[PDB]
Each structure stands twice: as structure tokens, then as C-alpha cells.
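S.K.: Following this message is one structure expressed as C-alpha cells.
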Ligand SMILES: Nc1nc2c(ncn2[C@@H]2O[C@H](COP(=O)(O)OP(=O)(O)OP(=O)(O)O)[C@@H](O)[C@H]2O)c(=O)[nH]1
Ligand SMILES: Nc1ncnc2c1ncn2[C@@H]1O[C@H](COP(=O)(O)OP(=O)(O)CP(=O)(O)O)[C@@H](O)[C@H]1O
Ligand SMILES: Nc1nc2c(ncn2[C@@H]2O[C@H](COP(=O)(O)OP(=O)(O)O)[C@@H](O)[C@H]2O)c(=O)[nH]1
Ligand SMILES: COc1cc([C@@H]2CC(c3ccccc3)=NN2C(N)=S)cc(OC)c1OC
Ligand SMILES: [Ca+2]
Ligand SMILES: [Ca+2]
Ligand SMILES: [Ca+2]
Ligand SMILES: [Mg+2]
Ligand SMILES: [Mg+2]
Ligand SMILES: [Mg+2]
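Residue numbers (the entry's author numbering), protein chains in the order written: chain E, 6 to 28, 44 to 74; chain A, 1 to 438; chain B, 1 to 42, 45 to 278, 282 to 360, 369 to 438; chain F, 1 to 106, 125 to 152, 158 to 362, 372 to 384.
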């Protein structure tokens, strides 16, 4: 079990102990996504308003 | 010195940010009005605390933080609160109406109208940075804002700051304190859209924090205030190494390289000890061995699960208080012989240790006692995939009947995003099973 | 999501609506003057959801009063809180509607509806964030059912992205005014299935039975029924009017209660049942009673169906650990009656302020498939007449075709099939 | 009123446990997929332990121990015995065994197996081994026959020293194994059922012909299948403990307790205390119990050897009623109380 890369300083210390060794979409693709969903919303709203007009 | 910006989204994120920044100020001796007698460099700074605070000519120390909610009531209590003076008004951003617990409403419908404003305020903060490391993003899985707006924020952050690291602190949904029946939907949705945009995420399961609060603080019915003061202690021990002199995890890149060998499996389990009631009349202080040993009981984890039946890819121990390396190695030696700690074959069995000598700070009048030493262990164990299985089951149960999906479709989402997200989660569960089981 | 616009239409709409404003005005500490004289500030923290603030720090109910007959609304103005209502919000014709859905929806009502919508628009234009509308009405008369559903579609046209919530009193032969009530109700349920997000189904059969069997009143008045109705209404709107760990609004209520859009007809429950009581009730007693069929305001046996979702509110000072424990116990002990494919479908809230007259109380909002029992009852009464086209002339004289009737019956029978679908899923 | 769910319907034992549970009048059964249970009679494979213990207000309990397959599948049993200091290679109640994977799967111990096989050739000791997989058995003095066999199948097998001088009951000159039923409760109390069974063979043991199965393989099925005299001496090829005790007294001047049972209690406790830290549910959010079936051989010196551990055992049919009642007494109502124990508790605290 060996201790390594030990570093000390006034506020603390760090080290490593080893027990055993080993054996993105664009801005405009995003705006296209948001805009497609807005379109689908507006279409649903229009289908509703058409039925109410009937 | 390289700056980090903290971003708190929705109710859970904002209230936890409150908790953390109260704690940070206590720890760095910054007063509510923003002053720091302790800082002798007036108006300026190259120090480790300047990673989280900027300075003004009047000596005010200001969080590198943005609060974002789609509805005002919660950020309003920041604006009127005890830390009123600390935050610049442009750092607190509110909408008119929230996302109604609806991922697609927060992502698509209301996200679209506020994303550019939020990115502009975030860049106002980034322009004040000589060398920005990246972001700490706080949010709930279950909220509509929390899930949906955060995922849109994460995509845009990858676009505007692609070299930066993004870390998450995510609240995982628990029915004892949850507010909505669709939180599984939201969490899968947001995990799926956020996965390749997060470098490392610490999940906190409200169930685990709740039971810690009942069992070890003797609180009959924990509030968000209880939960958040405890969660903020944990977050503080995770960030202390960015805010203090040291040599372990000194920048956000080090969290990924120490805790995340595989980029998809980037959800380290956090275990924290000791949690002791302030109203405990007589308490015998616990030793290095006792609290390192507590690191391996599930009852102390931020997520209930059983690492005995998984494999480790990485383990870090952050101690705060009266701790020296010799005692840590002694305790580790003895724990290894008494416990099932199996690392994956292609990783060294071992621990990275960091010690800071000031013991945890506790808010006056809080529920937590002051203690002489404490430890937060961060271990990337495959056992955490249990939580995904939980979530996924709940999701499968509802989505089979398409229950509630109509509320999302009516926001412009397509039913197909549900099964895309679920299939990504299926992938994820399979990756964990490959790495961690024979 | 702050301001709600309340509309009461017709005799029943306005009488329950007035009792509602009485009850919650008392709970919030406002007197008939419109002046606040309370002792806690939980009272004023969200009082903008239901009240506007006038000059002199007066509070004015965001409430519109609608009838085709002047009678009941002059009695409203006569009554206890009559002068708290803004006088421009009284909108009324002279004809009356003769218990005739057609008169309310197609002929007399058309004539009056644009005025009401003018007042509605005036009230919503002053709202920072309007969440939507709650309507009080019965379904068995003519103004409430016919004209109220006319209003509902006009409002959906002008405010298609706001929430429409109704308290809808269903007719019972046990309390009935006329024989055509099943006709009026079936036409209205056709409207409500299409055009509301959340309907509290207040069944006059259940109110009569509670008044008779449980409260031991042998000849119940509308006053006795409306006592129960204003108790229920105060309960179900608690988490909208007060701040808590859970602060609700009309849309989150729809999101968490309604898994499928048409299945939005809620069965309310109340405990303790009270009539115009010194022993305090224990949390186990509240929890047992509120779930008892004898405390349901919709005459349905909840063991004949399954709970899709449940939301309970406990009012008073008591141990929320005990309430959590009790709710969890009733779920885990009768778990067959809660669908397995909606996890954690029971959510519980507490508020410290109790209703006037009680130290402790509990209100229950159930989305049960047992609600189908109500719609089949109406459906039976409908067919019994319609198969002989009886009384149809009152309606065909106002322009309606039989086709509209058979269409509405069909849609309601479909609603019932949907409920049975999910009761065996 | 406690609640429970049944997810293994081919369990003889837990079928009867289901029945007496209802007969209490204080237990109600739920549907397979209902999460609001106190008690799970789980399935044999891929039991979802990750979903247990997350129901507020439900103490949850399951009839299996996550991890216990380390003991109950032969390759893992071999691995566990020779890798754990508590047991070690020098473990004296386990036959030397080695794990061997097939040709086209390729870790494995093939070469170290023959390392000993050759000093067994040379040794002039019995060099007959058995090959096993977790149907599919071969007993041979020739190693290469063993591995020929092994790799024309696709499974990982284990090669284990066959016990060439077993104890043979007379009349018959015939083999047997002993099966012991062990219940481990949520407290990791280890309970041995007072009644075991000898699964006998009806055929005289014959050393020369190692490829007629029935005089060499003791399990119930093969005796009810390929054996000429099934049921001849004992009903069901099953000798219980009263008899075997009397026989040992009459023929060997010993008792079952002294000659065999001390060794059996020792092996059961060593095996379970070994894996206890890996499987204990002492501070977990759910609880386990489990019923195991331990199988032992007795050689002519009256030494006990462990051959296998069974994670989902059936009972002998006369004992079903008694054992199952005890399961409810000790495993289930200890956790969920209702309105002369048949078990020996296995414990020993020698000081040193
Ligand atoms: N630990 C903790 N969990 C919280 C807190 N606030 C909310 N939650 C949990 O987060 C989930 C609800 O999400 P919220 O963050 O409140 O929702 P939001 O992001 O504000 O989205 P909307 O208000 O729907 O627009 C539930 O699981 C809550 O229990 C908090 O302050 N601390
Ligand atoms: N080393 C060995 N020496 C002698 N006989 C052995 C032996 N290993 C196994 N046997 C014999 O093989 C028989 C069955 O072997 P084994 O117990 O491994 O298979 P199995 O898993 O089908 C039993 P069960 O069905 O009860 O689980 C035993 O009863 C025993 O007679
Ligand atoms: N619970 C209750 N039901 C009423 C009341 N008044 C009328 N109803 C019912 O409402 C139906 C008649 O409708 P009503 O409101 O008088 O008709 P409208 O004025 O023309 O809309 C009948 O089923 C009555 O039973 C009341 O005050 N309380
Ligand atoms: C907690 O009980 C209440 C719950 C609400 C909606 C319903 C919902 C809910 C959550 C989970 C399961 C089932 C329902 N939670 N809800 C919201 N968070 S808005 C509304 C309430 O009143 C309007 C209310 O009290 C009566
Ligand atoms: Ca400085
Ligand atoms: Ca990236
Ligand atoms: Ca006219
Ligand atoms: Mg919110
Ligand atoms: Mg009338
Ligand atoms: Mg006009």
C-alpha cells in the first residue's frame, strides 16, 4: 500500500494511496428544434379555433 | 486563478444555491453586505476564493452566480432576503408563469422566450473572467423548469462555451417530498437531452437526504430548509478544493479526469459523514477511522444503493478538520480487509485523498453540530445505476398507458422524444451493467 | 399564474357562488365592507388569486354574476356579503330560461353572452398573470347549464391557453326541479368533456343522501345542501388561496390530476360532515372518513372503480408526520383500488388555518373511474325519455334537432366507456 | 394486515408458504407487479433488488440474499473457496476442483488442473475425476476424456476429484448424499433444519464401470429414471435421520451427531460467515432472508465433504409442512409479528 504525489500547504495536504495496480448540435439546429415545436403548437391552436368557429 | 460560474435553475436549484452561498460566505468570512475584512487586496484578487467571488472597489465580494426561475416567488425571497445586498439584480432572473411541472413546457414553450436573456446575463458574468473554467449547474430532475429549461440551457452552453466544463448538482425525485406525478417523465427527458453536455454530475436523492434528516438529526418531518442545509454541506465539501489552497481537484477538468474515465458513466456517488444533531446533549466525537468507515454504509449515501454489488472506477476522499495522512491510510488499510471494494480490472485500486484543516462550518442555529473532522467520499460506482433502474421502471409503468403524455405533446413535443429518451436510458443501464457485472 | 376569474351563472350557480365568497371571505378575514380585519398574514399573502385591491385598501372579489332572470341576483345583492361584489359585474337579462338548455345556449343566452364577455375581458385585462376561470353552475336548469356552457366555449375561444375549471352541480330526482333535467345535464356534459380542464362533479344525489342519512336531517333544504357545497369548495381551493410547502395553481392541478384529457371529472370528499361539534377529530379519523363513500359529494361507490389520482389537503394544526403515516396506511392497506400504472398518485398537503367552525378538517379530490356511475345514472334517465322523444318539443321549438341530442348522448356513453377502459387496464 | 407478492410460481416451498400466510388471516396477497408490498417471494433470476426498500412506510423483506449466488453456482463456489482466507486452498472439507471454460470460449485453470493430474497419474493414487456444469456429467480416470467432453459443450464446467471410497450403506453396497436445509434470517442468524435427508442410490456401487450413471449419481431424478430398484430399501430413495442414526449406531458404533453433524454444522457456518460481509442486509433499506440446501458426501472414514450449495431448493415431501411453517415462524413473522424450535441455531465464539 504505497503513498504518492503528496502535497502540503498551510491549509491542508493531499496525496494518493494505491492498494493494487490495474490488472454537439449547432445554434441553428437548436433554433430549428424550438421552432418546429412552436409550429406544432400553433397548428394545434388553429385546429381548435377552427372547430370553435364551426 | 480560473473562475467558475454557478447557475441555479428553478425552485430546487435556487433554494440550494441560497444554502450554498450562505455557507460559502460563512466559510470565507464574508458578511451579508458583501464585505470581507479578511481580504487585504481591496478591489481585486487572484486568490482561490476569487474563483467563486468577484470584487468591487467598495470591497464587496459578489457571487459568480446566476439564479433563473420561470416564476418570481422564490427568487423574490432572495431579493428581499438576508443576502439582499450580496447579489447584483441582473444576476436574479424571473419569468411570469412557471412550467407547471411539465418538461416540454419549460424546454420548448417557455424556455424559448427566456433563453437569450439568460445567456446574455451569463455572458455579462463571463466577461468579468480572466480565465473561465466553466459551470456548476444546480437543478431538480422533477421540476418543469428544473428539467426542461436546464436541458435547453445546457445545449446552448455547449454551443457558446464549448471548451468549458459543465458540472451538475441534480436533485433526484423522491415521492415523500415530490410535488408532481410526472417527475419520472421529466427526469428521463432531461437526462437524455443533457447527457452529452455534462462532464460530471452529482445526483442527490431527496429520499436519502430525508432519511438522513430523520435518523441522524431527529427531525420528524424534514423541510426543504433542513434538506438544503445538509445538501449544502455536501456541495461545499465537493467545491472546497476550487475555493481553497490545495492540490486535489483544483479545477473542473480534474473532476472529470479523477472521477470519470468513461464519459457516459459520469454520475459519482457521494457519501458524507458525520451528520450529528445540534440538540444532541452529549456527543462523543468520531475518529478518522469511524468516519472513513461510515463512508461505506449505504445509510450515509446521497443515493441509496449498494456498492457491494457493483464495481468502482474511482474513489476520492475529501476530509475537513483534524485529519492527517497516517490515520487515513491506517483506516483505509483496516476497511479494505473488512469490506467488499472491487474496482474494475482496468483501473487501479486506490484512493485520491484531499485534506483541508478547517473543520466544517455550520450555520448558527442550524440542525448540524460542529464536529472535529468530517469526510465526503466521491466514488464512481456502478451501483448508482440502481437509481436509474428505479426511475426507468416508474417511467415504463406510465408511458405504457401513455398517461399524461398529452400534456407534453400539447406543448409541441413529439411523442417520439419520450421513447428516444427512454432508449438512451436503456443504453445507459446496459453500459453500467457491462462495466460492473460479470 | 396568479389571478383567477370566477363566474357564477344561474340560480344554483349564484347561490353556491355567494356562499363560497362568504366562506372564503371569512377565512381570509375580509368583511362585507371589503375591509381586511384579520390577525395573520398567511391570510393576505395570496389573496390576489381571488381578490382585486381597490382604493382604501378594500378587497373586491374577482367575480362575475350572470343570470337570465333578475330574481336570484337581487337576492345575492340583498344577502350577507351582497355589497362586496363590484356592481358592474352583475350581468342579467329579464326573460329567464325556463329550465331549458336551448334557451340558455342558443336563443336567450346568445342575446346576453357578449355583455358577460365584456365584463370578463375587463377583469382579465387588469391581471398580471391570469391563470384562468372557475365557473359555478348547475347542469339541470337552463341558464347555468345552457348559457354557462355557451360562456365556456366563448371563453375558450378568446383565452385558448388559460385553464377552465368548473364546479358543476349534477341533477338528482331526489332534489329535482323538472323532468327535463337529464336532457339539460347530458347536453352540458357533452360541453364539459370538450371544453374544461377540471370539473368538480357536485352531485345533488350525494348531498341529499349525506343530509338525510348522515346528518339526520329529514327534509333537507337547498341551504343544507349548499352548506356541504361551500365546505367542499373552501377545501378544494385551499392550496390555491394559501401559501404552503405545496403552492398550487389551476394548471399544475390539471397536470397532476388528469392523465387523459377527457377524464377530468373529479369526485370531491370532505370530513368531518357538519350541519348548521365540540369533539376534535383525530388524524386517523379524518383520514378514515374523507375516504369513506359517505363523505363523497358524488354519489359513486369508489370500490366500484379505481383511483387514477388523489389529492388531499389537511386543515388545522396537527402532526404532518401523522398525516403522512395515515395517508400511506390507507394506500398500502387498500392498494388494489389505486391504479398500479401511475406511481405515487396520492399527494397530500397541509395548511395551518382550518375552516370556520372546526379545529381540524380534510378535503379529498379524487379522479376515480367510479365517476362513471354518475354518468350512467344520467344516461339512463336520458334514454328513458328520449326513446319516446318525450318533452323534446320544448327544445325543437328553439331550433334544436334530435341529432344534437343523440350526438350528446353518444359522447357521454363514450366517456363512460373510457372510464371502464381504464378500470381494468 | 401485511401484504405480499409471488413472483416464482414454480417454487414448491414458497407455494406452501403463500398458502399458510393466507391461512393466518393476517396476510393478503397482491399482484405480481404491485410495488406496495411488505414481502417479496421473488423470482429466481434477475430479481430486481434495486427496486426494494424505496416505499415510504413499508418495511420490505425478500426471500433471497443479493450476492448469494457466489455460493450457489459451482464455478463461483470453487473460486470463493480457494480465494478467501477464511476457507483457502487448504480447506479440508472441499474436494480439489478447478474451473475449465470450453475451447471456443478460452480466467481458466486448465493447465494447473493437469499439474496435479500428473502427480496423480504418477502418484498411483485414485485419479478419477468428475466434471460438472451449473445431465452433462462425465467421470473418468483419463483427463483428456474430461476436457474433450467439456469443450464439445458451450458452458463453463468444473473438474472435481471424485470420492472413490464413499461410505456405503448395507444392505446394498450403495452410495448416498445428505441434503441439509438452512435458513438465514434478516439478522444473519443461521438456522439448520433438524431434519435432513439422505438421497440414496438403489444400485450397488461399482468401482470399475464409471460410465453407468445410477450407482454413482444420487439425485432423486436419475434414481426415478434409470434405476432398476428405485424404492427397494427406503421409500422414495430417501432415508431420513432417525433411520440413518440407528444404522450408524448399529453398524458403526457412532451417532449421526458425532460422526457427521458436527462437520456439517462447521461447513455450513464457515461458508455463510465467509460471505456474510458481502450479502448481509443489517443496515440496508430492505431486508433479505434465504433458504439454502447444502449437499454433502460422506467417505468411508466418516469424513464429510461439501459437494454443492443450492440457492432455490425443494424439500422432501414429508417435511414440506414442517419446514415451511418454520420459515414463516422464523423468517417472516420475526419481521412482521402476528396477533421446541425445529431449528438448530449455528453459532460458536471460540476465544483466541
Ligand atoms: N432537496 C430539495 N428538493 C426540492 C426543493 N424544491 C423542490 N424540490 C424537489 O424538486 C422537485 C420539484 O421541482 P422544482 O425545482 O420545485 O420545480 P421547478 O424547476 O421550479 O419547475 P416549475 O416550478 O415546474 O416551473 C421535487 O422533487 C421537489 O421535492 C429544495 O429546495 N430542496
Ligand atoms: N467429488 C464427488 N465425488 C463423488 N460423487 C460426487 C462428487 N460430486 C458430485 N457427486 C455425485 O453427483 C451427484 C449430483 O451432483 P451435483 O450435486 O453436483 O448436481 P445437482 O446440482 O443436480 C444436485 P441438486 O439437483 O440437488 O442441486 C451427487 O449426488 C454425488 O453423488
Ligand atoms: N346543490 C344545489 N342545487 C341547486 C340549487 N338551486 C338549483 N339547484 C339545482 O339546479 C337545477 C335547476 O337549475 P337552476 O340553477 O335553478 O337553473 P337556472 O337558474 O335556469 O340556471 C336543479 O337540478 C336544482 O336541483 C342550490 O341552491 N343548491
Ligand atoms: C397536495 O394536494 C393537492 C395537489 C394538487 C395538484 C395535484 C397534485 C398531485 C401530485 C401527485 C399525485 C397526485 C396529485 N399536486 N398538485 C399541485 N402541486 S398543484 C392540487 C391541490 O389543490 C389545488 C392539492 O390540495 C388540494
Ligand atoms: Ca481581494
Ligand atoms: Ca461538451
Ligand atoms: Ca328578446
Ligand atoms: Mg417553481
Ligand atoms: Mg331553478
Ligand atoms: Mg359587443
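Just so it is clear, CB atoms sit at the ideal spot from N, CA and C, and this is done for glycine as well.
#1: Along chain A, which residues have their Cβ under 7 Å away from the Cβ of residue 131/B?
#2: Write down the C-beta distance between residue 49/F and residue 206/F rounded to the nearest angstrom, noting that I regard them as a contact closer than 8 Å.
#3: Any C-beta of chain E sitting closer than 8 Å to the C-beta of residue 244/A?
#4: Checking contacts by CB at 8 Å: is residue 347/B closer than that to chain A?
#5: Taking 6 Å as the limit between beta carbons, can you name the residues of its chain near residue 229/F, skipping five residues before and five after?
#6: Per DSSP, which residues does residue 311/F bridge with? Please list them.
#7: Give me the subset of the stretch 347-371 of chain A whose CB atoms are less than 9 Å from a CB atom of chain E, sorted by chain position.
#8: If contacts are defined as beta-carbon pairs under 8 Å, then residue 64/F and residue 313/F qualify, I think. What distance do you get, rounded to the angstrom?
#9: What residues in the stretch 60-92 of chain F have a beta carbon less than 7 Å from any beta carbon of chain A?
#10: Starting from residue 75/B, trace the alpha helix (DSSP H) both ways and give me its first and last residue.
#11: Please go through the stretch 117-171 of chain B and give each complete alpha helix (DSSP H) segment of 4 or more residues, from N-terminal end onward.
#12: Give the DSSP-derived three-state secondary structure of residue 457/B in the structure shown.
#13: Taking buried to mean at least 16 other C-beta atoms within 10 Å of its own C-beta, is residue 190/A buried or exposed?
#14: Give me the Cβ distance between residue 172/B and residue 387/B, rounded to the nearest whole Å; I'm assuming they're in contact under 8 Å.
#15: Which one or two residues does DSSP pair with residue 54/B in a beta bridge?
#16: Check whether the stretch 197-206 of chain B and the stretch 417-436 of chain B are in contact - that is, three or more C-beta pairs closer than 8 Å.
#17: Using beta carbons (cut-off 8 Å, strictly below), is residue 84/A in contact with chain B?
#18: Classify residue 220/B as buried or exposed, calling it buried when 16 or more other Cβ atoms lie within 10 Å of its own Cβ.
#19: For residue 241/B, which of helix, strand or coil comes out of DSSP?
#20: Comparing the C-beta of residue 311/B with each C-beta of chain A, is any distance below 8 Å?
#21: If distances are taken between C-alpha atoms only, which option among 156/B, 118/B and 397/B comes closest to residue 72/E?
#22: Can you list the residues of chain E that residue 232/B reaches, using a CB-CB cut of under 8 Å?
#23: List the endpoints of the continuous beta strand (DSSP E) containing residue 295/A.
#24: Would you report the Cα separation of residue 262/B and residue 403/A, rounded to the nearest angstrom?
#25: Pick helix, strand or coil for residue 63/A, following the three-state DSSP scheme.
#26: Starting from residue 180/F, follow its DSSP beta bridges and name the residues at the other end.
#27: Taking the beta strand (DSSP E) that residue 374/A falls in, what are its first and last residues?
#28: Using CA coordinates, which residue listed in 151/A, 216/A, 31/A and 205/A is at the minimum distance from residue 283/A?
#29: Identify the contact partners of residue 447/A in chain F, using a Cβ-Cβ distance below 7 Å as the criterion.
#30: Cα separation between residue 96/F and residue 184/F?
#31: Check each candidate in 336/F, 382/F and 252/F and name the one with the smallest Cα separation from residue 14/F.
#32: Please go through the stretch 7-35 of chain F and give each complete beta strand (DSSP E) segment of 3 or more residues, from N-terminal end onward.
#33: Which partner residues of residue 328/F appear in the DSSP bridge assignment?
#34: Run down chain F in chain order and give the residues with a C-beta less than 8 Å from the C-beta of residue 330/B.
#35: What three-state label does DSSP hand residue 350/A in the structure shown?
#36: Should residue 71/B be counted as a contact of ligand 7 given a C-beta to heavy atom distance under 7 Å?
M.R.: By the coordinates alone:
#1: 96 and 97
#2: In fact, because the Cβ distance is near 19 Å, the residues do not count as touching under 8 Å.
#3: Yes - at least one Cβ of chain E is within 8 Å of the one on residue 244/A.
#4: yes
#5: Apart from sequence neighbours up to five positions away, the residues of its chain that approach residue 229/F with a beta-carbon distance below 6 Å are 238, ordered along the chain.
#6: 62/F
#7: 347, 348, 349, 350, 351, 352, 353, 354, 355, 356, 357 and 358
#8: 5 Å
#9: 66 and 67
#10: Looking at the DSSP string, the run of the alpha helix (DSSP H) that includes residue 75/B is 73-80.
#11: 150-160
#12: Residue 457/B is absent from the structure shown; chain B starts at 1 and stops at 438.
#13: buried
#14: 6 Å
#15: 62/B
#16: no
#17: no
#18: exposed
#19: helix
#20: no
#21: 156/B
#22: Simply none; closest approach about 33 Å.
#23: From DSSP, residue 295/A is part of no beta strand (DSSP E); its letter is neither H nor E.
#24: 6 Å
#25: Strand.
#26: 100/F and 151/F
#27: 373-381 is the extent of the beta strand (DSSP E) around residue 374/A.
#28: 216/A
#29: For chain A, the structure presents residues 1 to 438; residue 447/A sits outside this window and is missing.
#30: 6 Å
#31: 336/F
#32: 27-29
#33: 320/F
#34: 57
#35: strand
#36: no
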